[PDB]
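A.B. asks: Below is the structure I would like to discuss, written out as structure tokens.
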Amino acid sequence: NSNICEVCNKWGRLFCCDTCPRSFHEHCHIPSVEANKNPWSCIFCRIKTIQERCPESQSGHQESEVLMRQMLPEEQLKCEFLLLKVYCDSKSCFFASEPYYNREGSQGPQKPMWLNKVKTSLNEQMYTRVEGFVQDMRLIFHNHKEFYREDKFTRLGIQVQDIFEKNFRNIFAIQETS
Ligand SMILES: [Zn+2]
Ligand SMILES: [Zn+2]
Ligand SMILES: [Zn+2]
């Protein structure tokens, strides 16, 4: 196994996957690394199994169909994995915890949103469709772009949204387009 967390790239108290060489801090893995279970398989491994069991699940899909899917166990997992792929980028730090808004010439968003809030919402099974999860993720970046206006810091929101969107297209096998 690797000697650093796959998500945050630090050493520490690491749990090792049994079916691949990745390792995780307990609360870096999503869902949080399960108490017992030997062997244990990480989210990466679980997602690869879904694909292998249903190879056709990689054929292209329309986003509108994906968003309307109910949050059954496989869709729950895919959203957890997509959330985790965002936290894998170090720039996710800016969007992880609850924000506050006091900048001359801007007003804060009507509906603040942050990664740890989405993480809790997933854990508590608060989303009934993929659309709920995707809307909250996209709201994070949209709030950031609107608030920061012409400050160059707006770019961090574009950057992390691009990581989200690429991974959304991969994980949910969205049909490729120009
Ligand atoms: Zn970690
Ligand atoms: Zn694994
Ligand atoms: Zn099949």
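Labels used: A, B, ... for chains in the order of the structure tokens, numbers from 1 for residues in each chain, and numbers from 1 for ligands as shown.
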Within 6 Å of ligand 2 (counting only C-alpha atoms and all ligand atoms), which residues show up? I'd like them as number ranges by chain.
C.D. replies: A: 17, 19-20, 22, 41-42, 44-45
A.B. asks: Which residues, written as a list in words, have at least one atom at most 12 Å from residue 150 of chain A, with only C-alpha atoms counted and residues fewer than 5 positions away on the same chain left out?
C.D. replies: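 Returned residues: residues 105, 106, 144, 145 and 155 of chain A.
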A.B. asks: Could you write out the selected residues, including N, CA and C atoms, as a PDB file, in the first residue's frame?
C.D. replies:
```pdb
ATOM      1  N   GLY A 105     -18.440  46.245  -1.651  1.00  0.00           N
ATOM      2  CA  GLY A 105     -18.997  46.134  -2.984  1.00  0.00           C
ATOM      3  C   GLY A 105     -19.600  44.802  -3.382  1.00  0.00           C
ATOM      4  N   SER A 106     -19.688  43.842  -2.465  1.00  0.00           N
ATOM      5  CA  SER A 106     -20.368  42.578  -2.715  1.00  0.00           C
ATOM      6  C   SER A 106     -21.303  42.254  -1.571  1.00  0.00           C
ATOM      7  N   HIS A 144     -19.322  31.549  -5.449  1.00  0.00           N
ATOM      8  CA  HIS A 144     -17.957  32.059  -5.407  1.00  0.00           C
ATOM      9  C   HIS A 144     -17.718  33.035  -6.560  1.00  0.00           C
ATOM     10  N   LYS A 145     -18.119  32.649  -7.746  1.00  0.00           N
ATOM     11  CA  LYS A 145     -17.964  33.547  -8.928  1.00  0.00           C
ATOM     12  C   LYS A 145     -18.734  34.818  -8.756  1.00  0.00           C
ATOM     13  N   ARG A 155     -11.040  32.922 -10.041  1.00  0.00           N
ATOM     14  CA  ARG A 155     -10.479  31.775 -10.750  1.00  0.00           C
ATOM     15  C   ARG A 155     -10.435  30.472  -9.995  1.00  0.00           C
TER      16      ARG A 155
END
```
A.B. asks: Would you mind telling me which residue in A:50, A:122, A:130, A:82 lies nearest to residue 164 of chain A when using only C-alpha atoms?
C.D. replies: A:82
A.B. asks: Given the choices A:131, A:162, A:176, A:98, which gets closest to residue 76 of chain A if the distance is worked out from only C-alpha atoms?
C.D. replies: A:131
A.B. asks: Would you mind listing, for every residue of chain A within 6 Å of ligand 1, the two atoms forming the shortest contact and the distance between them in Å to one decimal, using only C-alpha atoms and all ligand atoms, sorted by chain and ascending residue number, as a tab-separated table?
C.D. replies:
```
residue	atom	partner	partner_atom_place_in_ligand_line	distance
A:5	CA	ligand 1	1 (Zn)	4.5
A:7	CA	ligand 1	1 (Zn)	5.1
A:8	CA	ligand 1	1 (Zn)	4.1
A:10	CA	ligand 1	1 (Zn)	6.0
A:24	CA	ligand 1	1 (Zn)	5.7
A:25	CA	ligand 1	1 (Zn)	4.4
A:28	CA	ligand 1	1 (Zn)	4.7
```
A.B. asks: When the cut-off is 9 Å and you count only C-alpha atoms and all ligand atoms, which residues lie near ligand 3, shown as a ChimeraX atom specification?
C.D. replies: /A:51-57
A.B. asks: Mind dumping the selected residues with C-alpha atoms as a PDB file, in the first residue's frame?
C.D. replies:
```
ATOM      1  CA  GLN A  51     -18.376  -0.965 -14.108  1.00  0.00           C
ATOM      2  CA  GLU A  52     -17.071  -4.559 -14.401  1.00  0.00           C
ATOM      3  CA  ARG A  53     -20.417  -6.034 -13.457  1.00  0.00           C
ATOM      4  CA  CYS A  54     -22.227  -3.902 -16.072  1.00  0.00           C
ATOM      5  CA  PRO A  55     -19.885  -2.975 -18.929  1.00  0.00           C
ATOM      6  CA  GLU A  56     -22.689  -1.204 -20.775  1.00  0.00           C
ATOM      7  CA  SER A  57     -22.870   1.291 -17.884  1.00  0.00           C
TER       8      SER A  57
END
```
A.B. asks: Which of these residues is nearest to residue 159 of chain A, using only C-alpha atoms: A:92, A:9, A:23, A:62?
C.D. replies: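 Smallest separation from residue 159 of chain A among the options: A:92.
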A.B. asks: Using only C-alpha atoms, which of the listed residues (A:139, A:43, A:134, A:88) sits closest to residue 114 of chain A?
C.D. replies: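 Using only C-alpha atoms, residue 114 of chain A sits closest to A:139.
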A.B. asks: Could you pull out the residues in segment 22-147 of chain A that DSSP calls strand (DSSP E or B) from the backbone, as a PyMOL selection string?
C.D. replies: chain A and resi 23-25+61+70+129
A.B. asks: Atoms to include: N, CA, C and O atoms. Write the selected residues as a JSON list (two decimals), in the first residue's frame.
C.D. replies:
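The result, stored in again39.json:
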```
[["chain", "number", "residue", "atom", "x", "y", "z"],
["A", 23, "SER", "N", -4.30, 4.15, 0.13],
["A", 23, "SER", "CA", -4.58, 4.30, 1.56],
["A", 23, "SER", "C", -5.32, 5.57, 1.90],
["A", 23, "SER", "O", -5.15, 6.50, 1.14],
["A", 24, "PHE", "N", -5.97, 5.66, 3.05],
["A", 24, "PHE", "CA", -6.84, 6.80, 3.43],
["A", 24, "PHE", "C", -6.82, 7.15, 4.87],
["A", 24, "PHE", "O", -6.95, 6.30, 5.77],
["A", 25, "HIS", "N", -6.85, 8.46, 5.17],
["A", 25, "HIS", "CA", -7.29, 8.81, 6.48],
["A", 25, "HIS", "C", -8.74, 8.36, 6.60],
["A", 25, "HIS", "O", -9.51, 8.37, 5.60],
["A", 61, "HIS", "N", -24.37, 8.72, -21.78],
["A", 61, "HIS", "CA", -25.66, 9.07, -21.23],
["A", 61, "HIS", "C", -25.90, 10.53, -21.43],
["A", 61, "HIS", "O", -24.98, 11.36, -21.57],
["A", 70, "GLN", "N", -33.01, 8.45, -9.22],
["A", 70, "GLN", "CA", -33.15, 8.35, -7.80],
["A", 70, "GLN", "C", -31.85, 7.89, -7.17],
["A", 70, "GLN", "O", -31.10, 7.08, -7.75],
["A", 129, "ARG", "N", -32.51, 12.49, -5.41],
["A", 129, "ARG", "CA", -32.11, 12.32, -6.81],
["A", 129, "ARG", "C", -30.66, 12.86, -6.98],
["A", 129, "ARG", "O", -30.26, 13.78, -6.26]]
```
A.B. asks: Mind checking DSSP for segment 32-148 of chain A and telling me the alpha helix (DSSP H) residues as number ranges by chain?
C.D. replies: A: 43-53, 63-67, 73-88, 93-96, 115-123, 130-148
